[PDB]
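Shown here: data_11.txt, compact mmCIF, C-alpha atoms and all ligand atoms.
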# COMPACT_ATOMS: atom_id res chain seq x y z
CA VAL K 534 26.60 10.77 13.23
CA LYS K 535 27.80 9.47 9.88
CA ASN K 536 31.02 8.50 8.11
CA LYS K 537 32.54 6.83 11.18
CA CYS K 538 32.65 3.31 12.51
CA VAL K 539 29.86 3.81 15.05
CA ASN K 540 28.46 1.28 17.53
CA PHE K 541 24.96 1.71 16.21
CA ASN K 542 21.78 0.49 17.90
CA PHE K 543 18.20 0.52 16.64
CA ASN K 544 15.43 -1.30 18.52
CA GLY K 545 18.19 -3.61 19.77
CA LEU K 546 19.58 -4.20 16.28
CA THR K 547 23.26 -3.57 17.05
CA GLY K 548 26.63 -3.85 15.34
CA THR K 549 29.18 -1.46 13.90
CA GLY K 550 29.55 0.20 10.53
CA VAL K 551 30.01 3.38 8.55
CA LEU K 552 26.43 4.56 8.87
CA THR K 553 25.91 6.41 5.59
CA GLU K 554 22.57 7.89 4.54
CA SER K 555 21.40 5.72 1.67
CA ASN K 556 18.85 5.41 -1.11
CA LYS K 557 17.41 1.97 -0.38
CA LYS K 558 14.15 2.39 -2.27
CA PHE K 559 12.04 0.78 0.43
CA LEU K 560 8.36 0.27 0.65
CA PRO K 561 7.44 2.36 3.72
CA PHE K 562 6.67 -0.78 5.71
CA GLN K 563 10.10 -2.28 4.99
CA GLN K 564 12.56 -2.11 7.88
CA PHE K 565 16.04 -2.91 6.54
CA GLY K 566 17.85 -4.40 3.57
CA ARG K 567 20.30 -7.05 2.42
CA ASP K 568 22.33 -8.31 -0.54
CA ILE K 569 23.45 -11.57 -2.18
CA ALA K 570 24.66 -12.87 1.19
CA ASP K 571 21.69 -11.85 3.40
CA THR K 572 23.50 -9.19 5.43
CA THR K 573 21.93 -6.35 7.42
CA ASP K 574 22.36 -3.35 5.15
CA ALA K 575 20.07 -0.62 6.54
CA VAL K 576 17.65 0.29 9.32
CA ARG K 577 14.65 2.61 9.70
CA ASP K 578 15.69 4.92 12.54
CA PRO K 579 12.80 4.82 15.03
CA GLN K 580 12.80 8.63 15.06
CA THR K 581 13.21 9.49 11.36
CA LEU K 582 12.30 8.24 7.89
CA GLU K 583 16.00 7.66 7.31
CA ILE K 584 17.40 4.58 5.57
CA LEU K 585 21.18 4.44 5.82
CA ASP K 586 23.73 2.24 4.11
CA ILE K 587 26.21 0.12 6.05
CA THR K 588 29.80 -0.84 5.36
CA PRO K 589 31.81 -2.31 8.24
CA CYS K 590 34.71 -0.26 9.52
CA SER K 591 37.73 -1.29 7.50
CA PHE K 592 39.74 -4.13 8.96
CA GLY K 593 42.49 -6.04 7.23
CA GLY K 594 45.52 -8.09 8.17
CA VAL K 595 48.88 -6.54 8.95
CA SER K 596 52.08 -7.76 7.36
CA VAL K 597 55.58 -6.79 8.45
CA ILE K 598 58.08 -6.58 5.61
CA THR K 599 61.60 -6.98 6.93
CA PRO K 600 65.14 -7.59 5.73
CA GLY K 601 66.70 -10.27 7.85
CA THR K 602 67.46 -9.12 11.40
CA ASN K 603 70.87 -10.35 10.35
CA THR K 604 71.12 -7.26 8.15
CA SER K 605 69.26 -4.51 10.00
CA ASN K 606 66.48 -4.03 12.52
CA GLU K 607 64.51 -1.79 10.15
CA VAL K 608 61.06 -2.87 8.97
CA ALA K 609 58.10 -1.67 6.92
CA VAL K 610 54.48 -2.52 7.61
CA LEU K 611 51.86 -3.38 4.99
CA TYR K 612 48.31 -2.70 6.11
CA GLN K 613 46.43 -4.98 3.74
CA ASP K 614 43.60 -3.52 1.65
CA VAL K 615 42.89 -0.19 3.31
CA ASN K 616 42.52 3.19 1.64
CA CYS K 617 45.06 4.23 4.15
CA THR K 618 44.05 7.74 4.73
CA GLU K 619 42.43 5.67 7.53
CA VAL K 620 45.19 4.13 9.67
CA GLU O 340 -2.92 -2.72 34.96
CA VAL O 341 -1.87 -6.38 34.81
CA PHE O 342 0.06 -7.00 38.06
CA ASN O 343 -1.91 -4.88 40.55
CA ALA O 344 -5.12 -6.32 39.07
CA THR O 345 -7.90 -6.86 41.61
CA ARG O 346 -8.21 -10.51 40.60
CA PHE O 347 -6.90 -13.22 38.29
CA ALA O 348 -8.91 -15.80 36.34
CA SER O 349 -9.34 -19.56 36.37
CA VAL O 350 -6.12 -21.36 35.49
CA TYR O 351 -7.91 -23.13 32.64
CA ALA O 352 -9.68 -19.85 31.73
CA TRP O 353 -6.69 -17.50 31.82
CA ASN O 354 -6.76 -14.05 30.22
CA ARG O 355 -4.03 -12.57 28.01
CA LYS O 356 -3.72 -8.77 27.95
CA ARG O 357 -1.11 -7.84 25.37
CA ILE O 358 0.69 -4.53 25.85
CA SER O 359 2.05 -1.94 23.44
CA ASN O 360 3.03 1.73 23.16
CA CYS O 361 5.27 1.53 26.21
CA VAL O 362 8.47 2.58 27.80
CA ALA O 363 8.59 -0.55 29.94
CA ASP O 364 10.92 0.09 32.85
CA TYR O 365 11.48 -3.56 33.77
CA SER O 366 13.85 -2.40 36.52
CA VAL O 367 10.97 -1.72 38.91
CA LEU O 368 9.46 -5.16 38.26
CA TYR O 369 12.89 -6.73 38.71
CA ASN O 370 13.91 -5.13 41.99
CA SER O 371 10.30 -5.49 43.19
CA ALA O 372 10.75 -8.28 45.75
CA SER O 373 7.01 -9.03 45.65
CA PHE O 374 7.38 -11.81 43.07
CA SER O 375 8.33 -15.25 44.32
CA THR O 376 10.48 -16.19 41.32
CA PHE O 377 12.05 -14.74 38.16
CA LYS O 378 12.30 -17.72 35.79
CA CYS O 379 13.26 -16.22 32.43
CA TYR O 380 14.00 -18.45 29.47
CA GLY O 381 14.56 -16.33 26.37
CA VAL O 382 16.18 -13.41 28.19
CA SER O 383 18.26 -12.57 31.23
CA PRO O 384 16.57 -10.53 33.98
CA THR O 385 19.27 -7.84 33.75
CA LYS O 386 18.69 -7.38 30.00
CA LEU O 387 15.03 -6.36 29.51
CA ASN O 388 15.50 -2.64 30.09
CA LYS N 195 -3.30 -14.98 6.42
CA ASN N 196 -2.25 -15.84 9.98
CA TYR N 200 -1.10 -13.20 12.16
CA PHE N 201 -3.92 -11.44 10.31
CA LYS N 202 -1.79 -9.55 7.80
CA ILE N 203 -3.63 -8.09 4.81
CA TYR N 204 -1.44 -7.58 1.76
CA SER N 205 -2.91 -5.97 -1.35
CA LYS N 206 -2.33 -4.52 -4.82
CA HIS N 207 -4.26 -2.72 -7.54
CA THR N 208 -3.76 -2.45 -11.31
CA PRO N 209 -5.73 -1.45 -14.39
CA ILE N 210 -6.97 -4.33 -16.52
CA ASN N 211 -9.47 -5.08 -19.27
CA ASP N 215 -11.54 -14.10 -16.80
CA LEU N 216 -8.39 -13.45 -14.78
CA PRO N 217 -5.55 -11.46 -16.41
CA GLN N 218 -2.59 -13.70 -17.17
CA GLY N 219 0.32 -11.78 -15.71
CA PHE N 220 2.33 -11.09 -12.59
CA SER N 221 1.96 -8.56 -9.79
CA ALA N 222 3.56 -8.63 -6.36
CA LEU N 223 1.56 -7.75 -3.24
CA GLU N 224 2.88 -4.82 -1.18
CA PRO N 225 1.35 -5.09 2.33
CA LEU N 226 -1.04 -2.45 3.66
CA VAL N 227 -2.40 -3.22 7.12
CA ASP N 228 -1.48 -5.27 10.18
CA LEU N 229 -3.97 -6.49 12.81
CA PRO N 230 -2.47 -7.74 16.11
CA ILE N 231 -5.61 -9.31 17.56
CA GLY N 232 -5.57 -13.12 17.55
CA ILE N 233 -9.15 -14.05 16.54
CA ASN N 234 -9.79 -17.71 15.67
CA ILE N 235 -11.03 -17.48 12.06
CA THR N 236 -12.10 -20.53 10.04
CA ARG N 237 -14.64 -18.85 7.75
CA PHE N 238 -15.30 -15.57 5.99
CA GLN N 239 -17.59 -13.82 3.53
CA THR N 240 -17.71 -10.72 1.34
CA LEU N 241 -20.14 -7.85 1.68
CA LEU N 242 -21.81 -6.01 -1.19
CA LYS G 825 34.89 -15.04 -22.15
CA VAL G 826 35.30 -15.59 -18.40
CA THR G 827 32.92 -14.18 -15.80
CA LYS G 854 31.87 -10.49 2.09
CA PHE G 855 33.17 -8.70 5.15
CA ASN G 856 33.56 -11.62 7.56
CA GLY G 857 37.33 -11.74 7.43
CA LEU G 858 37.05 -12.97 3.84
CA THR G 859 39.91 -10.95 2.44
CA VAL G 860 41.13 -11.85 -1.05
CA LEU G 861 44.84 -11.24 -1.49
CA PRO G 862 45.96 -10.15 -4.96
CA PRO G 863 48.13 -12.30 -7.22
CA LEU G 864 51.79 -11.44 -7.29
CA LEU G 865 52.11 -11.45 -11.09
CA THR G 866 49.56 -9.03 -12.48
CA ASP G 867 47.76 -9.86 -15.69
CA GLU G 868 49.95 -7.53 -17.71
CA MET G 869 53.14 -9.07 -16.35
CA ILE G 870 51.72 -12.49 -17.20
CA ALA G 871 51.02 -11.28 -20.73
CA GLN G 872 54.54 -9.93 -20.97
CA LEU D 922 50.22 -23.79 -48.87
CA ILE D 923 51.59 -24.35 -45.38
CA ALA D 924 51.42 -20.68 -44.43
CA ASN D 925 47.89 -20.45 -45.83
CA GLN D 926 46.70 -23.45 -43.84
CA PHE D 927 48.38 -22.05 -40.73
CA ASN D 928 46.80 -18.61 -40.97
CA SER D 929 43.40 -20.06 -41.83
CA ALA D 930 43.58 -22.28 -38.76
CA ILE D 931 44.46 -19.33 -36.55
CA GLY D 932 41.45 -17.50 -37.95
CA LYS D 933 39.27 -20.51 -37.23
CA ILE D 934 40.53 -20.40 -33.65
CA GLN D 935 39.53 -16.74 -33.43
CA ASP D 936 36.04 -17.47 -34.74
CA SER D 937 35.53 -20.48 -32.47
CA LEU D 938 36.65 -18.68 -29.32
CA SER D 939 34.54 -15.61 -30.06
CA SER D 940 31.39 -17.55 -31.00
CA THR D 941 31.11 -20.75 -28.93
CA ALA D 942 32.19 -19.36 -25.56
CA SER D 943 31.69 -22.80 -23.95
CA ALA D 944 35.34 -23.55 -24.71
CA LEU D 945 36.69 -22.10 -21.44
CA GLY D 946 34.81 -24.47 -19.18
CA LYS D 947 37.99 -25.68 -17.53
CA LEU D 948 38.77 -22.25 -16.09
CA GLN D 949 35.20 -21.10 -15.56
CA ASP D 950 34.53 -24.17 -13.47
CA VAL D 951 37.48 -23.56 -11.17
CA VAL D 952 36.08 -20.09 -10.62
CA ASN D 953 32.55 -21.39 -10.06
CA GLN D 954 33.74 -24.04 -7.62
CA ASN D 955 35.56 -21.45 -5.54
CA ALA D 956 32.55 -19.14 -5.60
CA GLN D 957 30.20 -21.89 -4.46
CA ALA D 958 32.55 -22.97 -1.68
CA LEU D 959 32.68 -19.39 -0.45
CA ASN D 960 28.92 -19.00 -0.70
CA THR D 961 28.35 -22.10 1.40
CA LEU D 962 30.89 -20.83 3.91
CA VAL D 963 29.07 -17.52 4.20
CA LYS D 964 25.60 -19.06 4.35
CA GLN D 965 26.71 -21.26 7.24
CA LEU D 966 27.12 -18.06 9.26
CA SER D 967 23.34 -17.65 9.43
CA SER D 968 22.41 -21.06 10.85
CA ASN D 969 21.55 -21.82 14.45
CA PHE D 970 23.50 -25.08 14.85
CA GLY D 971 21.01 -25.77 17.63
CA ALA D 972 21.35 -22.42 19.39
CA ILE D 973 18.52 -19.99 20.05
CA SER D 974 19.67 -17.18 17.77
CA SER D 975 22.07 -17.19 14.84
CA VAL D 976 23.23 -13.67 15.76
CA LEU D 977 26.06 -13.59 18.27
CA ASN D 978 25.19 -10.05 19.31
CA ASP D 979 21.52 -10.88 19.85
CA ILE D 980 22.62 -13.76 22.05
CA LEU D 981 25.04 -11.55 23.98
CA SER D 982 22.51 -8.76 24.54
CA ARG D 983 19.79 -11.07 25.84
CA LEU D 984 21.33 -13.67 28.15
CA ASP D 985 23.57 -13.90 31.19
CA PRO D 986 27.19 -15.06 30.91
CA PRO D 987 26.24 -18.58 32.11
CA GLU D 988 23.48 -19.32 29.56
CA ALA D 989 25.07 -17.21 26.84
CA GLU D 990 28.11 -19.44 27.26
CA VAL D 991 26.10 -22.55 26.35
CA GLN D 992 24.54 -20.83 23.35
CA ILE D 993 27.83 -19.32 22.19
CA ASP D 994 29.49 -22.70 22.60
CA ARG D 995 26.96 -24.24 20.24
CA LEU D 996 27.55 -21.47 17.73
CA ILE D 997 31.33 -21.73 17.94
CA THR D 998 31.25 -25.49 17.51
CA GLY D 999 29.06 -25.18 14.45
CA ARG D 1000 30.97 -22.37 12.78
CA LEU D 1001 34.32 -24.01 13.46
CA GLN D 1002 33.18 -27.28 11.94
CA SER D 1003 31.96 -25.37 8.89
CA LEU D 1004 35.24 -23.48 8.57
CA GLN D 1005 37.26 -26.67 8.90
CA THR D 1006 35.17 -28.33 6.21
CA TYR D 1007 35.74 -25.40 3.88
CA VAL D 1008 39.47 -25.38 4.51
CA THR D 1009 39.75 -29.11 3.86
CA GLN D 1010 37.85 -28.68 0.60
CA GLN D 1011 40.27 -25.91 -0.34
CA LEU D 1012 43.30 -28.04 0.48
CA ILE D 1013 42.05 -30.84 -1.75
CA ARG D 1014 41.09 -28.53 -4.59
CA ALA D 1015 44.40 -26.71 -4.39
CA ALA D 1016 46.22 -30.03 -4.59
CA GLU D 1017 44.29 -30.72 -7.77
CA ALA S 27 -17.37 -21.49 -12.16
CA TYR S 28 -13.63 -22.18 -12.24
CA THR S 29 -10.58 -20.50 -13.76
CA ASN S 30 -6.80 -20.89 -13.75
CA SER S 31 -4.73 -18.59 -11.53
CA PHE S 32 -1.89 -18.26 -14.02
CA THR S 33 0.84 -16.54 -12.03
CA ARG S 34 -0.89 -14.27 -9.52
CA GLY S 35 -0.85 -14.15 -5.76
CA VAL S 36 2.77 -13.66 -4.67
CA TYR S 37 3.53 -11.25 -1.84
CA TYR S 38 6.68 -9.92 -0.22
CA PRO S 39 6.97 -12.42 2.64
CA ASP S 40 8.82 -10.02 4.94
CA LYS S 41 9.96 -6.42 5.23
CA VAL S 42 13.66 -6.75 4.39
CA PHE S 43 14.93 -5.06 1.24
CA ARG S 44 16.66 -7.11 -1.45
CA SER S 45 17.88 -6.45 -4.98
CA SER S 46 18.51 -8.75 -7.97
CA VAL S 47 19.09 -11.56 -5.44
CA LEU S 48 16.96 -14.56 -6.38
CA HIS S 49 15.60 -15.42 -2.95
CA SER S 50 14.02 -18.77 -2.08
CA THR S 51 11.56 -18.69 0.80
CA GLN S 52 9.01 -21.02 2.36
CA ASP S 53 5.70 -19.57 3.53
CA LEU S 54 2.04 -19.80 2.57
CA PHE S 55 1.47 -18.98 -1.09
CA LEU S 56 -1.17 -19.60 -3.73
CA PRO S 57 0.31 -22.38 -5.88
CA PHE S 58 0.73 -21.51 -9.53
CA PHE S 59 -1.86 -22.45 -12.15
CA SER S 60 -4.42 -23.29 -9.49
CA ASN S 61 -8.21 -23.66 -9.38
CA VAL S 62 -9.73 -20.41 -8.20
CA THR S 63 -13.49 -20.21 -7.81
CA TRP S 64 -15.48 -17.50 -9.58
CA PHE S 65 -18.58 -15.92 -8.06
CA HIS S 66 -20.83 -13.26 -9.57
CA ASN S 81 -22.61 -14.11 -2.43
CA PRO S 82 -22.05 -17.29 -0.36
CA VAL S 83 -19.90 -17.59 2.74
CA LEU S 84 -16.57 -19.35 2.28
CA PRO S 85 -13.99 -21.19 4.39
CA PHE S 86 -10.61 -19.79 5.45
CA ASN S 87 -8.50 -22.96 5.56
CA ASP S 88 -5.08 -21.28 5.68
CA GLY S 89 -5.47 -17.99 3.81
CA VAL S 90 -7.18 -16.38 0.88
CA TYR S 91 -6.16 -14.76 -2.37
CA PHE S 92 -9.25 -12.65 -2.96
CA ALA S 93 -9.37 -10.65 -6.19
CA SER S 94 -11.98 -8.47 -7.84
CA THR S 95 -12.84 -6.88 -11.19
CA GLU S 96 -15.67 -4.42 -10.60
CA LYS S 97 -16.97 -1.45 -12.56
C1 LIG K 1101 46.60 -30.55 -50.61
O1 LIG K 1101 45.70 -29.93 -49.73
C2 LIG K 1101 45.60 -28.50 -49.90
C3 LIG K 1101 44.66 -28.01 -48.83
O2 LIG K 1101 43.51 -28.83 -48.75
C4 LIG K 1101 45.13 -28.16 -51.31
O3 LIG K 1101 45.26 -26.75 -51.48
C5 LIG K 1101 43.98 -26.17 -51.79
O4 LIG K 1101 43.44 -26.68 -53.00
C6 LIG K 1101 42.16 -26.13 -53.33
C7 LIG K 1101 41.69 -26.85 -54.58
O5 LIG K 1101 42.79 -27.35 -55.33
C8 LIG K 1101 42.28 -24.62 -53.52
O6 LIG K 1101 40.99 -24.08 -53.76
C9 LIG K 1101 42.90 -23.97 -52.29
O7 LIG K 1101 43.16 -22.60 -52.55
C10 LIG K 1101 44.20 -24.67 -51.92
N1 LIG K 1101 44.77 -24.11 -50.71
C11 LIG K 1101 44.19 -24.14 -49.51
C12 LIG K 1101 44.95 -23.51 -48.39
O8 LIG K 1101 43.09 -24.66 -49.32
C13 LIG K 1101 45.97 -28.85 -52.37
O9 LIG K 1101 45.36 -28.71 -53.64
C14 LIG K 1101 46.13 -30.34 -52.05
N2 LIG K 1101 46.94 -31.03 -53.05
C15 LIG K 1101 48.24 -30.83 -53.36
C16 LIG K 1101 49.00 -29.77 -52.61
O10 LIG K 1101 48.78 -31.50 -54.24
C1 LIG K 1102 8.95 11.00 17.11
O1 LIG K 1102 8.83 9.81 16.32
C2 LIG K 1102 8.23 10.03 15.04
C3 LIG K 1102 8.12 8.68 14.38
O2 LIG K 1102 9.16 8.48 13.43
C4 LIG K 1102 9.07 11.01 14.22
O3 LIG K 1102 8.41 11.29 13.00
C5 LIG K 1102 9.28 12.30 15.00
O4 LIG K 1102 10.18 13.16 14.30
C6 LIG K 1102 9.84 12.00 16.39
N1 LIG K 1102 9.99 13.23 17.16
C7 LIG K 1102 10.85 13.36 18.17
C8 LIG K 1102 10.87 14.70 18.85
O5 LIG K 1102 11.57 12.44 18.54
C1 LIG K 1103 74.64 -12.73 9.44
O1 LIG K 1103 74.82 -13.99 8.81
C2 LIG K 1103 76.18 -14.24 8.40
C3 LIG K 1103 76.17 -15.53 7.63
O2 LIG K 1103 75.80 -15.32 6.27
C4 LIG K 1103 77.07 -14.27 9.63
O3 LIG K 1103 78.42 -14.48 9.22
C5 LIG K 1103 76.95 -12.96 10.39
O4 LIG K 1103 77.69 -13.03 11.61
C6 LIG K 1103 75.49 -12.66 10.71
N1 LIG K 1103 75.37 -11.36 11.35
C7 LIG K 1103 74.28 -10.96 12.01
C8 LIG K 1103 74.33 -9.59 12.61
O5 LIG K 1103 73.28 -11.67 12.12
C1 LIG K 1104 40.33 7.21 -0.27
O1 LIG K 1104 39.03 7.81 -0.14
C2 LIG K 1104 38.98 9.20 -0.49
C3 LIG K 1104 37.55 9.65 -0.26
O2 LIG K 1104 36.71 9.23 -1.33
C4 LIG K 1104 39.43 9.39 -1.94
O3 LIG K 1104 39.45 10.78 -2.25
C5 LIG K 1104 40.81 8.79 -2.14
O4 LIG K 1104 41.20 8.88 -3.50
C6 LIG K 1104 40.81 7.33 -1.71
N1 LIG K 1104 42.12 6.73 -1.88
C7 LIG K 1104 42.30 5.54 -2.46
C8 LIG K 1104 43.71 5.07 -2.57
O5 LIG K 1104 41.36 4.87 -2.87
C1 LIG K 1105 -11.53 -22.33 16.42
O1 LIG K 1105 -12.59 -22.47 15.44
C2 LIG K 1105 -12.86 -23.83 15.08
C3 LIG K 1105 -13.91 -23.79 13.99
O2 LIG K 1105 -14.84 -24.86 14.14
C4 LIG K 1105 -13.31 -24.61 16.31
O3 LIG K 1105 -13.54 -25.97 15.95
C5 LIG K 1105 -12.25 -24.53 17.39
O4 LIG K 1105 -12.71 -25.17 18.58
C6 LIG K 1105 -11.92 -23.07 17.70
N1 LIG K 1105 -10.87 -22.98 18.71
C7 LIG K 1105 -9.63 -23.46 18.56
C8 LIG K 1105 -8.71 -23.26 19.73
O5 LIG K 1105 -9.27 -24.04 17.54
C1 LIG K 1106 -10.24 -27.75 -11.43
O1 LIG K 1106 -9.93 -27.25 -12.73
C2 LIG K 1106 -10.33 -28.14 -13.79
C3 LIG K 1106 -9.83 -27.52 -15.08
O2 LIG K 1106 -8.46 -27.81 -15.28
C4 LIG K 1106 -11.85 -28.31 -13.76
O3 LIG K 1106 -12.23 -29.24 -14.77
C5 LIG K 1106 -12.29 -28.82 -12.39
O4 LIG K 1106 -13.71 -28.85 -12.34
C6 LIG K 1106 -11.75 -27.93 -11.28
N1 LIG K 1106 -12.08 -28.47 -9.98
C7 LIG K 1106 -13.32 -28.46 -9.46
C8 LIG K 1106 -13.46 -29.07 -8.10
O5 LIG K 1106 -14.27 -27.98 -10.07
Take the structure in the file and write it out as structure tokens.
Ligand SMILES: *[C@@H]1O[C@H](CO)[C@@H](O[C@@H]2O[C@H](CO)[C@@H](O)[C@H](O)[C@H]2NC(C)=O)[C@H](O)[C@H]1NC(C)=O
Ligand SMILES: *[C@@H]1O[C@H](CO)[C@@H](O)[C@H](O)[C@H]1NC(C)=O
Ligand SMILES: *[C@@H]1O[C@H](CO)[C@@H](O)[C@H](O)[C@H]1NC(C)=O
Ligand SMILES: *[C@@H]1O[C@H](CO)[C@@H](O)[C@H](O)[C@H]1NC(C)=O
Ligand SMILES: *[C@@H]1O[C@H](CO)[C@@H](O)[C@H](O)[C@H]1NC(C)=O
Ligand SMILES: *[C@@H]1O[C@H](CO)[C@@H](O)[C@H](O)[C@H]1NC(C)=O
Amino acid sequence: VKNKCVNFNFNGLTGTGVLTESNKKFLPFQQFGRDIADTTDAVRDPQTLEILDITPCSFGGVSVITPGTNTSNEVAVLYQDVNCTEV
Amino acid sequence: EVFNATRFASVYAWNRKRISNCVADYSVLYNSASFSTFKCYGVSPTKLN
Amino acid sequence: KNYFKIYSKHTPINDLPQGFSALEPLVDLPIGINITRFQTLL
Amino acid sequence: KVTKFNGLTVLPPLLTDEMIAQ
Amino acid sequence: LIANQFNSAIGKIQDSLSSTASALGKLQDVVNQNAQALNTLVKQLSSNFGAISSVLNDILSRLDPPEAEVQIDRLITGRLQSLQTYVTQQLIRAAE
Amino acid sequence: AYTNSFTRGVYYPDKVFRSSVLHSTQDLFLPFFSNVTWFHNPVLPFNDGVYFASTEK
């Protein structure tokens, strides 16, 4: 199942991410991938020649924007750095 | 094929039989009270399966 | 090398060609033989 | 001439480059 | 003559900035210093600090709560010392 | 016979994909510009590995 934060597991390799079918041009023996920071970025599903991308499910701090409670009890939240079709 | 073996070897002439192509249900070996000790070091006995 | 992994490669050439070529592995051998010598058939 | 997901967010500056240039 | 010298000097500035791009070292080095601090901070994630496995999840999914607590304690100590070092470096550099 | 192994003999040390990331690793490699033998039969040692090549017709 793709395009969701999913608690994936492969051979014990666990974590969470937006498992997205990818184009990591492996050599068939290669298992997974990485980038500049040495981060798990794929996996060879033990039941398919599928190499999928990975991008962790979007987190990001919350910030509450408020006029002084002296003025009114109304607020407005700022979910930081989220394409917020996803809140 | 390695635990119900008919015999072991000399302690200075031990034999290693690696295993592969398994679905290793460690639960049976765990709850099997035949063994005198379960001294794991890299794993926890309730985590092999 | 050791365990006994056997990488490889193959190119066309024309007395060792001065160049570069990585070595994409081919075969794995999970045996454990003590090897301190070798030779090549013909 | 002038040239990752571990909680390493990077907040944006409050004055954008165009407001700075203004 | 004054206006000519002025405009010629401005043109010289244009040429210098567009050709010898080593003039903006003062800003490029602030950026490089921040990037290298962040890279060290991220590298430190993948070190054992004396534990058995630099992956918190691989430690959790292999050991009991009692032993996993010792391993996780080593990892937390290490990562927290690394984070504190990075934050102190940032405080000093931001003062500068 | 001897000859200089200019730049050959580097292998992907492990099976993890990378891209444009200059990676520094430590394993067994054939050091650059080395002294490789050159036969045209005998049996040879295997100290820690071998970079065996060939140019046959
Ligand atoms: C004072 O200096 C200026 C600039 O060096 C001189 O003006 C230049 O003179 C040369 C030769 O006489 C001309 O080719 C240039 O066109 C002039 N202008 C510039 C902007 O270079 C000036 O002659 C000097 N002496 C004075 C003003 O008495
Ligand atoms: C079994 O595993 C092989 C190895 O990847 C795979 O090609 C095949 O599709 C799998 N079949 C089933 C039914 O799981
Ligand atoms: C708000 O603050 C003002 C002082 O500026 C005070 O006179 C007033 O009573 C306060 N009211 C509330 C609701 O906090
Ligand atoms: C959020 O993602 C969807 C899917 O690609 C895209 O259509 C939309 O424009 C994105 N919104 C923002 C603000 O990036
Ligand atoms: C392995 O081979 C070498 C080659 O002489 C030999 O000396 C050694 O006893 C063998 N066994 C071990 C365990 O090294
Ligand atoms: C090593 O290479 C040099 C050439 O640079 C050669 O003279 C020498 O004979 C080689 N070593 C041996 C043991 O032959």
Shell around residue O:364 at 9 Å using all atoms listed in the file, local window under 3 positions removed, as a PyMOL selection string:
chain O and resi 361+367-368+387-388
Please identify every polymer residue within 6 Å of ligand LIG 1102 (chain K), using all atoms listed in the file, and present the set as a list in words.
residues 579, 580 and 581 of chain K
Which residues are near residue O:358? Cut-off 12 Å, all atoms listed in the file, ignore same chain within fewer than 2 positions. Put them as a list in words.
residues 340, 341, 355, 356, 360, 361, 362 and 363 of chain O; 230 and 231 of chain N
Neighbouring residues of ligand LIG 1106 (chain K) are defined here as those with any atom at most 12 Å from a ligand atom, counting all atoms listed in the file; list them as a ChimeraX atom specification.
/S:27-32,59-64
Quick one: residues within 10 Å of residue N:207, only C-alpha atoms counted, chain neighbours fewer than 3 positions away excluded, as a PyMOL selection string?
(chain N and resi 210+221-224) or (chain S and resi 93-94)
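Based on all atoms listed in the file, the protein and nucleic acid residues found within 12 Å of ligand LIG 1105 (chain K) are, by chain and then by number, residues 232, 233, 234, 235, 236, 237 and 238 of chain N; 85, 86 and 87 of chain S.
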Convert the current residue selection to file output with C-alpha atoms, as a CSV table (one decimal), in the frame of the given file.
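Okay, again24.csv is ready:
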chain,number,residue,atom,x,y,z
N,232,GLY,CA,-5.6,-13.1,17.6
N,233,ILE,CA,-9.2,-14.0,16.5
N,234,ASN,CA,-9.8,-17.7,15.7
N,235,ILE,CA,-11.0,-17.5,12.1
N,236,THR,CA,-12.1,-20.5,10.0
N,237,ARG,CA,-14.6,-18.8,7.8
N,238,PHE,CA,-15.3,-15.6,6.0
S,85,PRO,CA,-14.0,-21.2,4.4
S,86,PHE,CA,-10.6,-19.8,5.4
S,87,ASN,CA,-8.5,-23.0,5.6
Which residue is closest to chain N? Choose from K:542, K:563, K:536, K:553 and count all atoms listed in the file.
K:563
Can you pull out the residues contacting stretch 855-860 of chain G? Cut-off 8 Å, using only C-alpha atoms, and skip same-chain residues under 2 positions away; I want them as a PyMOL selection string.
(chain K and resi 589+593) or (chain G and resi 862)
Within 8 Å of ligand LIG 1103 (chain K) (counting only C-alpha atoms and all ligand atoms), which residues show up? I'd like them as a ChimeraX atom specification.
/K:601-605
Contacts to ligand LIG 1104 (chain K) at 10 Å cut-off (only C-alpha atoms and all ligand atoms) as a ChimeraX atom specification:
/K:614-619
